[PDB]
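A quick write-up on the structure given underneath.
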Amino acid sequence: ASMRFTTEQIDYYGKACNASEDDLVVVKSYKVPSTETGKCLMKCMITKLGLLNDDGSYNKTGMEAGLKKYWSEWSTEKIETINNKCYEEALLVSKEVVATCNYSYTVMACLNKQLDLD
């Protein structure tokens with residue numbers, strides 16, 4: 001189990017963020033675009049899902065709700081376990097760090113790591 005989005009999810013949320021075609025192709029290949037806004041597509045996407053607040057910080061309640069909505073095959077216990085761990089790490093991260101486009105990938109990595117610990 002990982003946090004990867006499906007092709008279709010990427011297409012839909014990518015287009016909701018007005019992705020350029022070239023960037024979109026890259027994101028669908030699970031790589032990070034090198035363009036100024038392409039590298040921020042993941043941030044834009046997960047923010048529309050409510051996983052992050054608008055300042056970029058981790059949204060605890062919004063992460064829980066989004067996990068339940070989009071990964072409903074995971075039990076609420078498993079959702080809460082990985083949420084509780086990642087949230088606590090996110091309390092250590094300042095305003096200037098959460099503002100970076102890379103922070104979204106750091107959050108997804110935390111989740112993926114907690115998923116592998118099962």
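Numbering starts fresh at 1 for the residues of each chain in the structure tokens, the chains themselves are lettered A, B, ... in the order given, and ligands are numbered from 1 as they appear.
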Would you kindly return, as a compact mmCIF listing (two decimals) with C-alpha atoms, in the first residue's frame, each protein, DNA or RNA residue with an atom no farther than 10 Å from any atom of residue A:20, considering only C-alpha atoms and excluding same-chain residues fewer than 5 positions away?
# COMPACT_ATOMS: atom_id res chain seq x y z
CA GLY A 14 -4.48 18.02 -12.38
CA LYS A 15 -6.97 19.57 -14.71
CA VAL A 25 2.38 13.65 -18.31
CA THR A 35 8.86 23.69 -14.24
CA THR A 37 4.31 25.36 -11.45
CA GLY A 38 4.64 21.72 -12.48
CA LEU A 41 1.01 20.37 -8.86
Stretch 29-31 of chain A environment, 12 Å, only C-alpha atoms, sequence neighbours closer than 6 positions dropped, as a list in words:
residues 3, 4, 5, 6, 7, 10, 11, 22, 23, 38, 39, 41, 42 and 105 of chain A
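Summary of the local environment: counting only C-alpha atoms, residues at most 12 Å from residue A:78, other than itself and those fewer than 6 positions away along its chain, are residues 1, 64, 67, 68, 71, 72, 84, 85, 111, 114, 115, 116, 117 and 118 of chain A.
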Report as an MDAnalysis selection string all protein, DNA and RNA residues lying within 7 Å of stretch 57-60 of chain A, evaluated on only C-alpha atoms, omitting residues in the same chain fewer than 3 positions from it.
chainID A and resid 51:53 63:64 87 90 98
Export, as a short mmCIF file (atom, residue, chain, number, x, y, z; two decimals), in the first residue's frame, the selected residues with N, CA and C atoms.
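See selection-v5.cif below for the written result:
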data_model
loop_
_atom_site.label_atom_id
_atom_site.label_comp_id
_atom_site.auth_asym_id
_atom_site.auth_seq_id
_atom_site.Cartn_x
_atom_site.Cartn_y
_atom_site.Cartn_z
N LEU A 51 -6.18 17.80 2.18
CA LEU A 51 -5.20 17.13 3.00
C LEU A 51 -4.22 18.20 3.71
N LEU A 52 -4.05 19.33 3.05
CA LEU A 52 -3.24 20.43 3.54
C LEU A 52 -4.13 21.65 3.69
N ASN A 53 -3.77 22.52 4.62
CA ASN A 53 -4.38 23.82 4.77
C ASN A 53 -3.85 24.73 3.61
N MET A 63 -6.95 15.51 6.47
CA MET A 63 -6.25 14.32 6.07
C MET A 63 -7.09 13.06 6.41
N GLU A 64 -7.57 13.00 7.65
CA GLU A 64 -8.41 11.89 8.02
C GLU A 64 -9.59 11.76 7.07
N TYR A 87 0.91 13.59 11.51
CA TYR A 87 0.49 14.89 12.10
C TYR A 87 1.48 15.40 13.11
N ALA A 90 4.45 16.76 11.64
CA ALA A 90 4.13 18.00 10.94
C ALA A 90 4.06 19.20 11.86
N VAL A 98 6.50 24.68 5.10
CA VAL A 98 5.28 24.19 4.56
C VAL A 98 4.84 24.97 3.30
#
Can you work out which one of A:89, A:96, A:55, A:8 has the shortest atom-to-atom distance to residue A:43, counting only C-alpha atoms?
A:55
Atom pair atom CA of residue A:65 / atom CA of residue A:33: separation (Å):
27.9 Å
For residue A:17, the closest of A:106, A:100, A:61, A:47 counting only C-alpha atoms is A:47
In terms of only C-alpha atoms, the residue from A:45, A:86, A:79, A:99 at minimal distance from residue A:113 is A:86
What does the distance from atom CA of residue A:82 to atom CA of residue A:95 come to in Å, to one decimal?
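That distance, rounded to one decimal, is 22.6 Å.
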